[PDB]
$ cat start_8.txt   # compact mmCIF, N, CA and C atoms and all ligand atoms
# COMPACT_ATOMS: atom_id res chain seq x y z
N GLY A 1 0.84 -1.23 0.00
CA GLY A 1 0.00 0.00 0.00
C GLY A 1 0.86 1.25 0.00
N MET A 2 0.24 2.41 0.25
CA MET A 2 1.01 3.64 0.33
C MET A 2 2.07 3.52 1.42
N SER A 3 3.28 3.98 1.11
CA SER A 3 4.35 3.97 2.10
C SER A 3 4.01 4.89 3.26
N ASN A 4 4.24 4.39 4.48
CA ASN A 4 3.96 5.19 5.67
C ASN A 4 4.79 6.47 5.71
N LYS A 5 5.89 6.53 4.96
CA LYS A 5 6.71 7.72 4.95
C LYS A 5 5.98 8.92 4.36
N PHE A 6 4.89 8.69 3.63
CA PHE A 6 4.07 9.81 3.16
C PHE A 6 3.33 10.48 4.31
N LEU A 7 3.03 9.73 5.37
CA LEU A 7 2.17 10.24 6.43
C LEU A 7 2.86 11.36 7.19
N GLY A 8 2.14 12.46 7.41
CA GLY A 8 2.62 13.58 8.17
C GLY A 8 2.33 14.88 7.46
N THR A 9 3.04 15.92 7.87
CA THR A 9 2.83 17.28 7.39
C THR A 9 4.00 17.72 6.53
N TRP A 10 3.69 18.35 5.40
CA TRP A 10 4.68 18.75 4.41
C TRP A 10 4.52 20.23 4.09
N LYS A 11 5.65 20.93 3.96
CA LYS A 11 5.69 22.36 3.67
C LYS A 11 6.39 22.58 2.34
N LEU A 12 5.76 23.36 1.46
CA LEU A 12 6.37 23.69 0.18
C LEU A 12 7.60 24.57 0.39
N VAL A 13 8.72 24.17 -0.22
CA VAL A 13 9.94 24.96 -0.17
C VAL A 13 10.42 25.39 -1.55
N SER A 14 9.90 24.80 -2.62
CA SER A 14 10.30 25.16 -3.97
C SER A 14 9.16 24.84 -4.93
N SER A 15 8.97 25.73 -5.91
CA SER A 15 7.97 25.54 -6.95
C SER A 15 8.52 26.08 -8.26
N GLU A 16 8.48 25.25 -9.30
CA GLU A 16 9.09 25.57 -10.59
C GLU A 16 8.05 25.40 -11.68
N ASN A 17 7.77 26.50 -12.39
CA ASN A 17 6.86 26.49 -13.54
C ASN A 17 5.40 26.35 -13.13
N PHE A 18 5.06 26.81 -11.92
CA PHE A 18 3.69 26.68 -11.44
C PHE A 18 2.75 27.64 -12.16
N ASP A 19 3.26 28.79 -12.60
CA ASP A 19 2.41 29.74 -13.31
C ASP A 19 1.96 29.18 -14.66
N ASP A 20 2.91 28.70 -15.47
CA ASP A 20 2.54 28.08 -16.74
C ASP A 20 1.60 26.90 -16.54
N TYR A 21 1.75 26.18 -15.43
CA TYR A 21 0.85 25.05 -15.16
C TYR A 21 -0.55 25.54 -14.84
N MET A 22 -0.68 26.58 -14.02
CA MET A 22 -1.99 27.14 -13.73
C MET A 22 -2.64 27.69 -14.99
N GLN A 23 -1.86 28.35 -15.85
CA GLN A 23 -2.41 28.84 -17.11
C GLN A 23 -2.98 27.70 -17.93
N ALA A 24 -2.22 26.61 -18.06
CA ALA A 24 -2.71 25.45 -18.81
C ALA A 24 -4.03 24.94 -18.27
N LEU A 25 -4.27 25.10 -16.97
CA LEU A 25 -5.55 24.73 -16.37
C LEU A 25 -6.65 25.75 -16.64
N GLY A 26 -6.30 26.93 -17.13
CA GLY A 26 -7.28 27.98 -17.35
C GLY A 26 -7.51 28.90 -16.17
N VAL A 27 -6.57 28.96 -15.23
CA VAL A 27 -6.70 29.84 -14.07
C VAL A 27 -6.34 31.26 -14.49
N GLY A 28 -7.16 32.23 -14.07
CA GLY A 28 -6.95 33.61 -14.46
C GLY A 28 -5.85 34.30 -13.66
N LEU A 29 -5.52 35.51 -14.11
CA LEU A 29 -4.31 36.18 -13.66
C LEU A 29 -4.34 36.45 -12.16
N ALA A 30 -5.38 37.13 -11.68
CA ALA A 30 -5.45 37.47 -10.26
C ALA A 30 -5.28 36.23 -9.38
N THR A 31 -5.93 35.13 -9.76
CA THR A 31 -5.81 33.90 -8.99
C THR A 31 -4.39 33.33 -9.06
N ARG A 32 -3.74 33.46 -10.22
CA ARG A 32 -2.39 32.92 -10.37
C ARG A 32 -1.39 33.71 -9.54
N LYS A 33 -1.56 35.03 -9.44
CA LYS A 33 -0.64 35.83 -8.65
C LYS A 33 -0.64 35.38 -7.19
N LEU A 34 -1.82 35.07 -6.65
CA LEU A 34 -1.89 34.57 -5.28
C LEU A 34 -1.42 33.12 -5.20
N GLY A 35 -1.71 32.32 -6.24
CA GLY A 35 -1.24 30.95 -6.25
C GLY A 35 0.27 30.85 -6.31
N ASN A 36 0.91 31.77 -7.04
CA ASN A 36 2.36 31.78 -7.14
C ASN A 36 3.03 32.22 -5.85
N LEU A 37 2.31 32.95 -5.00
CA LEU A 37 2.83 33.35 -3.70
C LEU A 37 2.51 32.35 -2.60
N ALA A 38 1.52 31.48 -2.81
CA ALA A 38 1.17 30.48 -1.81
C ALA A 38 2.34 29.55 -1.54
N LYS A 39 2.54 29.21 -0.27
CA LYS A 39 3.48 28.17 0.16
C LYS A 39 2.70 27.23 1.07
N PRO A 40 1.93 26.31 0.50
CA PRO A 40 0.98 25.54 1.30
C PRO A 40 1.62 24.45 2.14
N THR A 41 0.88 24.04 3.17
CA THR A 41 1.19 22.84 3.93
C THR A 41 0.27 21.72 3.47
N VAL A 42 0.83 20.52 3.36
CA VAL A 42 0.09 19.35 2.88
C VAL A 42 0.16 18.28 3.96
N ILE A 43 -1.00 17.86 4.45
CA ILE A 43 -1.11 16.86 5.50
C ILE A 43 -1.68 15.59 4.87
N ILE A 44 -0.94 14.50 4.98
CA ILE A 44 -1.34 13.20 4.44
C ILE A 44 -1.61 12.27 5.61
N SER A 45 -2.84 11.75 5.67
CA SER A 45 -3.28 10.92 6.78
C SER A 45 -3.97 9.68 6.23
N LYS A 46 -4.13 8.68 7.10
CA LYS A 46 -4.68 7.39 6.71
C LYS A 46 -5.55 6.86 7.85
N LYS A 47 -6.81 6.58 7.55
CA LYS A 47 -7.72 5.89 8.46
C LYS A 47 -8.16 4.60 7.77
N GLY A 48 -7.59 3.48 8.19
CA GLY A 48 -7.84 2.22 7.53
C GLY A 48 -7.29 2.20 6.12
N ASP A 49 -8.17 2.10 5.13
CA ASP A 49 -7.77 2.11 3.73
C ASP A 49 -8.20 3.39 3.02
N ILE A 50 -8.67 4.40 3.75
CA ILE A 50 -9.01 5.69 3.18
C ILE A 50 -7.87 6.66 3.48
N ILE A 51 -7.28 7.21 2.44
CA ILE A 51 -6.19 8.17 2.55
C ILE A 51 -6.78 9.57 2.36
N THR A 52 -6.28 10.53 3.13
CA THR A 52 -6.72 11.91 3.04
C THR A 52 -5.52 12.81 2.78
N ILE A 53 -5.60 13.62 1.73
CA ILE A 53 -4.60 14.63 1.43
C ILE A 53 -5.28 15.98 1.62
N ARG A 54 -4.82 16.74 2.61
CA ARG A 54 -5.39 18.03 2.95
C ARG A 54 -4.36 19.11 2.69
N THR A 55 -4.72 20.09 1.86
CA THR A 55 -3.85 21.21 1.53
C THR A 55 -4.36 22.47 2.23
N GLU A 56 -3.47 23.14 2.95
CA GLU A 56 -3.81 24.34 3.71
C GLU A 56 -2.91 25.49 3.29
N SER A 57 -3.52 26.63 2.99
CA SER A 57 -2.78 27.85 2.70
C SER A 57 -3.68 29.04 2.99
N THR A 58 -3.05 30.21 3.15
CA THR A 58 -3.80 31.44 3.34
C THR A 58 -4.88 31.59 2.27
N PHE A 59 -4.51 31.34 1.01
CA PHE A 59 -5.42 31.60 -0.10
C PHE A 59 -6.53 30.55 -0.17
N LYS A 60 -6.18 29.27 -0.20
CA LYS A 60 -7.15 28.22 -0.44
C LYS A 60 -6.84 26.99 0.40
N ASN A 61 -7.89 26.33 0.87
CA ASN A 61 -7.79 25.02 1.50
C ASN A 61 -8.51 23.99 0.63
N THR A 62 -7.94 22.79 0.54
CA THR A 62 -8.58 21.69 -0.15
C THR A 62 -8.42 20.42 0.68
N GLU A 63 -9.25 19.43 0.37
CA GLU A 63 -9.14 18.12 1.00
C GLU A 63 -9.79 17.08 0.10
N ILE A 64 -9.09 15.98 -0.14
CA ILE A 64 -9.65 14.82 -0.81
C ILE A 64 -9.40 13.60 0.06
N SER A 65 -10.40 12.72 0.13
CA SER A 65 -10.27 11.42 0.77
C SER A 65 -10.66 10.36 -0.25
N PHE A 66 -9.91 9.27 -0.27
CA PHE A 66 -10.04 8.32 -1.37
C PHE A 66 -9.45 6.97 -0.97
N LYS A 67 -9.79 5.96 -1.76
CA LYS A 67 -9.14 4.67 -1.72
C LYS A 67 -8.38 4.47 -3.03
N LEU A 68 -7.20 3.87 -2.95
CA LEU A 68 -6.40 3.63 -4.14
C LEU A 68 -7.19 2.84 -5.17
N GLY A 69 -7.19 3.33 -6.41
CA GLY A 69 -7.82 2.62 -7.51
C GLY A 69 -9.31 2.81 -7.64
N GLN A 70 -9.92 3.73 -6.89
CA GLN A 70 -11.36 3.93 -6.90
C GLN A 70 -11.66 5.38 -7.25
N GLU A 71 -12.26 5.59 -8.42
CA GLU A 71 -12.61 6.92 -8.88
C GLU A 71 -13.49 7.63 -7.85
N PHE A 72 -13.37 8.95 -7.79
CA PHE A 72 -14.16 9.76 -6.87
C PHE A 72 -14.30 11.17 -7.43
N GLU A 73 -15.31 11.88 -6.95
CA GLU A 73 -15.56 13.26 -7.36
C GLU A 73 -14.69 14.20 -6.55
N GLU A 74 -14.06 15.16 -7.23
CA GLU A 74 -13.12 16.08 -6.60
C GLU A 74 -13.43 17.51 -6.99
N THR A 75 -13.31 18.41 -6.02
CA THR A 75 -13.31 19.85 -6.24
C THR A 75 -11.90 20.37 -5.99
N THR A 76 -11.28 20.93 -7.02
CA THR A 76 -9.89 21.36 -6.91
C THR A 76 -9.80 22.75 -6.30
N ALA A 77 -8.57 23.22 -6.09
CA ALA A 77 -8.38 24.54 -5.49
C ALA A 77 -8.91 25.65 -6.40
N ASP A 78 -8.82 25.48 -7.72
CA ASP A 78 -9.40 26.43 -8.66
C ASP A 78 -10.85 26.11 -9.00
N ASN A 79 -11.51 25.26 -8.21
CA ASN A 79 -12.94 25.02 -8.34
C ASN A 79 -13.29 24.25 -9.62
N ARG A 80 -12.38 23.40 -10.10
CA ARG A 80 -12.73 22.44 -11.13
C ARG A 80 -13.41 21.24 -10.48
N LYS A 81 -14.50 20.78 -11.10
CA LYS A 81 -15.20 19.57 -10.68
C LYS A 81 -14.71 18.42 -11.56
N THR A 82 -13.92 17.52 -10.98
CA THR A 82 -13.22 16.50 -11.74
C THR A 82 -13.63 15.11 -11.27
N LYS A 83 -13.48 14.15 -12.17
CA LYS A 83 -13.45 12.74 -11.82
C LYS A 83 -11.98 12.34 -11.68
N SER A 84 -11.59 11.95 -10.47
CA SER A 84 -10.19 11.76 -10.15
C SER A 84 -9.96 10.36 -9.61
N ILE A 85 -8.70 9.94 -9.64
CA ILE A 85 -8.30 8.63 -9.16
C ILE A 85 -6.85 8.70 -8.72
N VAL A 86 -6.54 8.02 -7.62
CA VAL A 86 -5.18 7.94 -7.09
C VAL A 86 -4.76 6.48 -7.08
N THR A 87 -3.60 6.20 -7.66
CA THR A 87 -3.04 4.85 -7.67
C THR A 87 -1.54 4.94 -7.42
N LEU A 88 -0.93 3.77 -7.23
CA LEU A 88 0.49 3.66 -6.97
C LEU A 88 1.22 3.15 -8.20
N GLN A 89 2.47 3.59 -8.36
CA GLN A 89 3.37 3.03 -9.37
C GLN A 89 4.79 3.17 -8.83
N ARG A 90 5.44 2.03 -8.56
CA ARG A 90 6.79 2.01 -7.98
C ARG A 90 6.86 2.88 -6.73
N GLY A 91 5.80 2.82 -5.92
CA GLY A 91 5.72 3.59 -4.70
C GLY A 91 5.31 5.03 -4.86
N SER A 92 5.15 5.52 -6.08
CA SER A 92 4.76 6.91 -6.30
C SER A 92 3.24 7.03 -6.24
N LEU A 93 2.77 8.12 -5.64
CA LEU A 93 1.35 8.33 -5.36
C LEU A 93 0.81 9.26 -6.44
N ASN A 94 0.12 8.67 -7.43
CA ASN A 94 -0.20 9.35 -8.68
C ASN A 94 -1.69 9.64 -8.78
N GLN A 95 -2.02 10.90 -9.04
CA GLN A 95 -3.40 11.37 -9.12
C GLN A 95 -3.69 11.83 -10.54
N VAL A 96 -4.81 11.37 -11.10
CA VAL A 96 -5.31 11.83 -12.39
C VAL A 96 -6.61 12.58 -12.15
N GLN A 97 -6.76 13.72 -12.83
CA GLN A 97 -7.98 14.52 -12.78
C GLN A 97 -8.50 14.67 -14.21
N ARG A 98 -9.77 14.33 -14.41
CA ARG A 98 -10.41 14.44 -15.72
C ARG A 98 -11.66 15.29 -15.61
N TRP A 99 -11.85 16.17 -16.58
CA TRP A 99 -13.00 17.08 -16.59
C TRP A 99 -13.08 17.75 -17.95
N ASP A 100 -14.30 17.87 -18.48
CA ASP A 100 -14.55 18.58 -19.73
C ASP A 100 -13.62 18.10 -20.84
N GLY A 101 -13.35 16.79 -20.85
CA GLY A 101 -12.49 16.20 -21.84
C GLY A 101 -11.01 16.43 -21.63
N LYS A 102 -10.63 17.25 -20.66
CA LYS A 102 -9.23 17.51 -20.35
C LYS A 102 -8.76 16.57 -19.25
N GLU A 103 -7.46 16.63 -18.97
CA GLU A 103 -6.83 15.67 -18.07
C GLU A 103 -5.51 16.24 -17.57
N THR A 104 -5.28 16.14 -16.26
CA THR A 104 -4.02 16.55 -15.67
C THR A 104 -3.61 15.54 -14.61
N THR A 105 -2.30 15.41 -14.42
CA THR A 105 -1.72 14.43 -13.52
C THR A 105 -0.87 15.12 -12.46
N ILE A 106 -0.92 14.59 -11.25
CA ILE A 106 -0.15 15.10 -10.11
C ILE A 106 0.48 13.88 -9.47
N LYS A 107 1.78 13.69 -9.69
CA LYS A 107 2.51 12.54 -9.18
C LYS A 107 3.38 12.97 -8.00
N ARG A 108 3.14 12.37 -6.84
CA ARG A 108 3.84 12.70 -5.61
C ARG A 108 4.72 11.51 -5.21
N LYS A 109 6.03 11.73 -5.19
CA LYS A 109 6.99 10.67 -4.89
C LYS A 109 7.99 11.16 -3.87
N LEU A 110 8.52 10.23 -3.08
CA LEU A 110 9.51 10.55 -2.06
C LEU A 110 10.91 10.45 -2.65
N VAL A 111 11.69 11.52 -2.49
CA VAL A 111 13.05 11.60 -2.99
C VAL A 111 13.93 12.05 -1.84
N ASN A 112 14.73 11.13 -1.31
CA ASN A 112 15.67 11.44 -0.22
C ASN A 112 14.95 12.09 0.96
N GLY A 113 13.78 11.56 1.30
CA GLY A 113 13.02 12.05 2.43
C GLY A 113 12.15 13.26 2.16
N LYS A 114 12.30 13.91 1.00
CA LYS A 114 11.44 15.02 0.62
C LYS A 114 10.34 14.50 -0.30
N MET A 115 9.19 15.17 -0.27
CA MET A 115 8.10 14.85 -1.18
C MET A 115 8.15 15.78 -2.38
N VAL A 116 8.11 15.21 -3.57
CA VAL A 116 8.21 15.95 -4.83
C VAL A 116 6.93 15.71 -5.61
N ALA A 117 6.24 16.79 -5.95
CA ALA A 117 5.02 16.73 -6.75
C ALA A 117 5.33 17.18 -8.17
N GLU A 118 5.09 16.29 -9.13
CA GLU A 118 5.24 16.60 -10.55
C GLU A 118 3.85 16.73 -11.16
N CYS A 119 3.53 17.92 -11.66
CA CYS A 119 2.22 18.22 -12.21
C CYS A 119 2.34 18.45 -13.71
N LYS A 120 1.49 17.78 -14.49
CA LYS A 120 1.58 17.80 -15.94
C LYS A 120 0.22 18.15 -16.54
N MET A 121 0.23 19.07 -17.50
CA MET A 121 -0.97 19.46 -18.23
C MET A 121 -0.55 19.83 -19.64
N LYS A 122 -1.07 19.14 -20.65
CA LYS A 122 -0.79 19.48 -22.05
C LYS A 122 0.69 19.78 -22.29
N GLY A 123 1.56 18.90 -21.81
CA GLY A 123 2.99 19.05 -22.03
C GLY A 123 3.69 20.09 -21.17
N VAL A 124 2.95 20.83 -20.36
CA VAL A 124 3.51 21.74 -19.36
C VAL A 124 3.78 20.95 -18.09
N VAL A 125 4.98 21.09 -17.54
CA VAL A 125 5.41 20.31 -16.39
C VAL A 125 5.81 21.26 -15.27
N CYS A 126 5.23 21.07 -14.09
CA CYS A 126 5.55 21.83 -12.90
C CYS A 126 6.11 20.89 -11.84
N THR A 127 7.10 21.37 -11.09
CA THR A 127 7.73 20.58 -10.03
C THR A 127 7.70 21.37 -8.73
N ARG A 128 7.15 20.75 -7.69
CA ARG A 128 7.02 21.37 -6.37
C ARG A 128 7.61 20.44 -5.33
N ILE A 129 8.53 20.96 -4.51
CA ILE A 129 9.30 20.18 -3.56
C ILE A 129 8.87 20.57 -2.15
N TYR A 130 8.59 19.57 -1.32
CA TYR A 130 8.14 19.76 0.05
C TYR A 130 9.14 19.16 1.03
N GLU A 131 9.32 19.84 2.16
CA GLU A 131 10.05 19.30 3.30
C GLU A 131 9.05 18.79 4.33
N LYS A 132 9.39 17.67 4.98
CA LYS A 132 8.55 17.16 6.06
C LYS A 132 8.80 17.97 7.32
N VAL A 133 7.73 18.38 7.98
CA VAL A 133 7.83 19.32 9.09
C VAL A 133 6.97 18.86 10.27
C1 LIG A 201 -1.85 26.14 -3.84
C2 LIG A 201 -2.90 27.25 -3.83
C3 LIG A 201 -3.98 27.05 -4.90
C4 LIG A 201 -4.08 28.21 -5.89
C5 LIG A 201 -5.22 28.06 -6.91
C6 LIG A 201 -4.77 28.19 -8.37
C7 LIG A 201 -4.91 26.91 -9.18
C8 LIG A 201 -4.16 25.73 -8.65
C9 LIG A 201 -4.95 24.43 -8.77
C10 LIG A 201 -4.08 23.19 -8.73
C11 LIG A 201 -3.07 23.19 -7.59
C12 LIG A 201 -2.04 22.11 -7.75
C13 LIG A 201 -1.30 21.78 -6.47
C14 LIG A 201 -0.97 20.30 -6.34
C15 LIG A 201 0.51 20.01 -6.26
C16 LIG A 201 1.09 20.08 -4.82
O1 LIG A 201 0.46 19.40 -3.96
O2 LIG A 201 2.10 20.81 -4.66

$ encode --input "start_8.txt" --output "structure tokens" --more "lines below"
Ligand SMILES: CCCCCCCCCCCCCCCC(=O)O
Amino acid sequence: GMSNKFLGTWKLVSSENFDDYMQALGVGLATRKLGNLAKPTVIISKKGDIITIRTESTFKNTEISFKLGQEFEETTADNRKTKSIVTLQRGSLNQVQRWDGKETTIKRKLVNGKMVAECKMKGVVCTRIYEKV
């Protein structure tokens, strides 16, 4: 199952190409300016076989709870209503979001004790690095 090393609280320390990624999602300018300044905390928790990823920041809070391999309805930070799914691949915690015929991926993997989120949309790639805190 998900590695227990994911469990805990994570703080963003680096974000690369997040603006171009938000644009690819269709997020407008005012929202992107605040999104580019956000340094969110991400809390990953587990109750039985339901995993919860909770994102907290001054600008926006989000939370998804899910079971691996089971589609679920998601409301994203930019208020997209998506059909999403989280699965594992070589220990990486990979999320797909589908809506209005579009599709974006958020792959969260542990690299030397840090959590690295790789976000992809229409060939645009964003990388966000978190420290465990
Ligand atoms: C982080 C504040 C949200 C700002 C709202 C603008 C649109 C962003 C929507 C998608 C956010 C992607 C973040 C997931 C990757 C991560 O956990 O670092």

$ select_by_dssp --input "start_8.txt" --residues "chain A" --states "helix (DSSP H, G or I)" --output "list in words"
residues 4, 5, 6, 18, 19, 20, 21, 22, 23, 24, 25, 29, 30, 31, 32, 33, 34, 35, 36 and 37 of chain A

$ write_last_selection --input "start_8.txt" --atoms "N, CA and C atoms" --output "mmCIF file, in the frame of the given file"
data_model
loop_
_atom_site.group_PDB
_atom_site.id
_atom_site.type_symbol
_atom_site.label_atom_id
_atom_site.label_comp_id
_atom_site.auth_asym_id
_atom_site.auth_seq_id
_atom_site.Cartn_x
_atom_site.Cartn_y
_atom_site.Cartn_z
ATOM 1 N N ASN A 4 4.240 4.390 4.480
ATOM 2 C CA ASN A 4 3.960 5.190 5.670
ATOM 3 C C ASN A 4 4.790 6.470 5.710
ATOM 4 N N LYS A 5 5.890 6.530 4.960
ATOM 5 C CA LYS A 5 6.710 7.720 4.950
ATOM 6 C C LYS A 5 5.980 8.920 4.360
ATOM 7 N N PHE A 6 4.890 8.690 3.630
ATOM 8 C CA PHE A 6 4.070 9.810 3.160
ATOM 9 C C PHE A 6 3.330 10.480 4.310
ATOM 10 N N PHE A 18 5.060 26.810 -11.920
ATOM 11 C CA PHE A 18 3.690 26.680 -11.440
ATOM 12 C C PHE A 18 2.750 27.640 -12.160
ATOM 13 N N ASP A 19 3.260 28.790 -12.600
ATOM 14 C CA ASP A 19 2.410 29.740 -13.310
ATOM 15 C C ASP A 19 1.960 29.180 -14.660
ATOM 16 N N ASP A 20 2.910 28.700 -15.470
ATOM 17 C CA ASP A 20 2.540 28.080 -16.740
ATOM 18 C C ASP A 20 1.600 26.900 -16.540
ATOM 19 N N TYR A 21 1.750 26.180 -15.430
ATOM 20 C CA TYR A 21 0.850 25.050 -15.160
ATOM 21 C C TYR A 21 -0.550 25.540 -14.840
ATOM 22 N N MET A 22 -0.680 26.580 -14.020
ATOM 23 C CA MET A 22 -1.990 27.140 -13.730
ATOM 24 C C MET A 22 -2.640 27.690 -14.990
ATOM 25 N N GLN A 23 -1.860 28.350 -15.850
ATOM 26 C CA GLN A 23 -2.410 28.840 -17.110
ATOM 27 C C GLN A 23 -2.980 27.700 -17.930
ATOM 28 N N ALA A 24 -2.220 26.610 -18.060
ATOM 29 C CA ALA A 24 -2.710 25.450 -18.810
ATOM 30 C C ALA A 24 -4.030 24.940 -18.270
ATOM 31 N N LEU A 25 -4.270 25.100 -16.970
ATOM 32 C CA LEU A 25 -5.550 24.730 -16.370
ATOM 33 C C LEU A 25 -6.650 25.750 -16.640
ATOM 34 N N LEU A 29 -5.520 35.510 -14.110
ATOM 35 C CA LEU A 29 -4.310 36.180 -13.660
ATOM 36 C C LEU A 29 -4.340 36.450 -12.160
ATOM 37 N N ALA A 30 -5.380 37.130 -11.680
ATOM 38 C CA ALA A 30 -5.450 37.470 -10.260
ATOM 39 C C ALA A 30 -5.280 36.230 -9.380
ATOM 40 N N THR A 31 -5.930 35.130 -9.760
ATOM 41 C CA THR A 31 -5.810 33.900 -8.990
ATOM 42 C C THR A 31 -4.390 33.330 -9.060
ATOM 43 N N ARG A 32 -3.740 33.460 -10.220
ATOM 44 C CA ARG A 32 -2.390 32.920 -10.370
ATOM 45 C C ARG A 32 -1.390 33.710 -9.540
ATOM 46 N N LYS A 33 -1.560 35.030 -9.440
ATOM 47 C CA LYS A 33 -0.640 35.830 -8.650
ATOM 48 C C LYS A 33 -0.640 35.380 -7.190
ATOM 49 N N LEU A 34 -1.820 35.070 -6.650
ATOM 50 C CA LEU A 34 -1.890 34.570 -5.280
ATOM 51 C C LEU A 34 -1.420 33.120 -5.200
ATOM 52 N N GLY A 35 -1.710 32.320 -6.240
ATOM 53 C CA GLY A 35 -1.240 30.950 -6.250
ATOM 54 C C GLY A 35 0.270 30.850 -6.310
ATOM 55 N N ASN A 36 0.910 31.770 -7.040
ATOM 56 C CA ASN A 36 2.360 31.780 -7.140
ATOM 57 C C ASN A 36 3.030 32.220 -5.850
ATOM 58 N N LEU A 37 2.310 32.950 -5.000
ATOM 59 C CA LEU A 37 2.830 33.350 -3.700
ATOM 60 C C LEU A 37 2.510 32.350 -2.600
#

$ axis_aligned_box --input "start_8.txt" --around "segment 76-91 of chain A" --padding-each-side "6 Å" --output "JSON"
{"center_x": -4.2, "center_y": 14.2, "center_z": -8.4, "size_x": 34.1, "size_y": 36.4, "size_z": 19.5}

$ atom_distance --input "start_8.txt" --atom1 "atom N of residue 129 of chain A" --atom2 "atom CA of residue 114 of chain A"
8.4 Å

$ closest_atom_pairs --input "start_8.txt" --of "chain A" --to "ligand LIG 201 (chain A)" --cutoff "7 Å" --atoms "only N, CA and C atoms and all ligand atoms" --output "JSON lines"
{"residue": "A:22", "atom": "CA", "partner": "A:LIG201", "partner_atom": "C7", "distance": 5.4}
{"residue": "A:27", "atom": "CA", "partner": "A:LIG201", "partner_atom": "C7", "distance": 6.0}
{"residue": "A:31", "atom": "C", "partner": "A:LIG201", "partner_atom": "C6", "distance": 5.2}
{"residue": "A:32", "atom": "CA", "partner": "A:LIG201", "partner_atom": "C6", "distance": 5.7}
{"residue": "A:34", "atom": "C", "partner": "A:LIG201", "partner_atom": "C4", "distance": 5.6}
{"residue": "A:35", "atom": "CA", "partner": "A:LIG201", "partner_atom": "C4", "distance": 4.0}
{"residue": "A:36", "atom": "N", "partner": "A:LIG201", "partner_atom": "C4", "distance": 6.2}
{"residue": "A:38", "atom": "CA", "partner": "A:LIG201", "partner_atom": "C2", "distance": 5.6}
{"residue": "A:39", "atom": "N", "partner": "A:LIG201", "partner_atom": "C1", "distance": 6.4}
{"residue": "A:40", "atom": "N", "partner": "A:LIG201", "partner_atom": "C1", "distance": 5.8}
{"residue": "A:42", "atom": "CA", "partner": "A:LIG201", "partner_atom": "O1", "distance": 6.9}
{"residue": "A:57", "atom": "CA", "partner": "A:LIG201", "partner_atom": "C2", "distance": 6.6}
{"residue": "A:59", "atom": "C", "partner": "A:LIG201", "partner_atom": "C2", "distance": 6.1}
{"residue": "A:60", "atom": "N", "partner": "A:LIG201", "partner_atom": "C2", "distance": 5.3}
{"residue": "A:61", "atom": "N", "partner": "A:LIG201", "partner_atom": "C2", "distance": 6.9}
{"residue": "A:76", "atom": "C", "partner": "A:LIG201", "partner_atom": "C9", "distance": 5.7}
{"residue": "A:77", "atom": "C", "partner": "A:LIG201", "partner_atom": "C5", "distance": 4.4}
{"residue": "A:78", "atom": "N", "partner": "A:LIG201", "partner_atom": "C9", "distance": 4.1}
{"residue": "A:79", "atom": "N", "partner": "A:LIG201", "partner_atom": "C9", "distance": 6.6}
{"residue": "A:106", "atom": "CA", "partner": "A:LIG201", "partner_atom": "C15", "distance": 6.3}
{"residue": "A:117", "atom": "CA", "partner": "A:LIG201", "partner_atom": "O2", "distance": 5.4}
{"residue": "A:118", "atom": "N", "partner": "A:LIG201", "partner_atom": "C15", "distance": 6.6}
{"residue": "A:119", "atom": "CA", "partner": "A:LIG201", "partner_atom": "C15", "distance": 6.4}
{"residue": "A:127", "atom": "C", "partner": "A:LIG201", "partner_atom": "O2", "distance": 6.9}
{"residue": "A:128", "atom": "CA", "partner": "A:LIG201", "partner_atom": "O2", "distance": 5.2}
{"residue": "A:129", "atom": "N", "partner": "A:LIG201", "partner_atom": "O2", "distance": 6.4}

$ residues_around --input "start_8.txt" --residues "residue 130 of chain A" --least-positions-apart "2" --cutoff "7 Å" --atoms "only C-alpha atoms" --output "JSON, numbers by chain"
{"A": [10, 11, 12, 13, 114, 115, 116, 128, 132]}

$ select_by_dssp --input "start_8.txt" --residues "segment 34-116 of chain A" --states "strand (DSSP E)" --output "ChimeraX atom specification"
/A:41-47,50-56,62-66,72-75,81-89,92-99,102-111,114-116

$ residues_around --input "start_8.txt" --residues "segment 89-95 of chain A" --least-positions-apart "2" --cutoff "8 Å" --atoms "all atoms listed in the file" --output "PyMOL selection string"
chain A and resi 1-3+84-87+97-98+104-110

$ residues_around --input "start_8.txt" --residues "residue 8 of chain A" --least-positions-apart "3" --cutoff "10 Å" --atoms "only C-alpha atoms" --output "number ranges by chain"
A: 4-5, 42-46, 53, 132-133

$ atom_distance --input "start_8.txt" --atom1 "atom CA of residue 113 of chain A" --atom2 "atom CA of residue 55 of chain A"
19.2 Å

$ atom_distance --input "start_8.txt" --atom1 "atom CA of residue 101 of chain A" --atom2 "atom CA of residue 122 of chain A"
12.2 Å
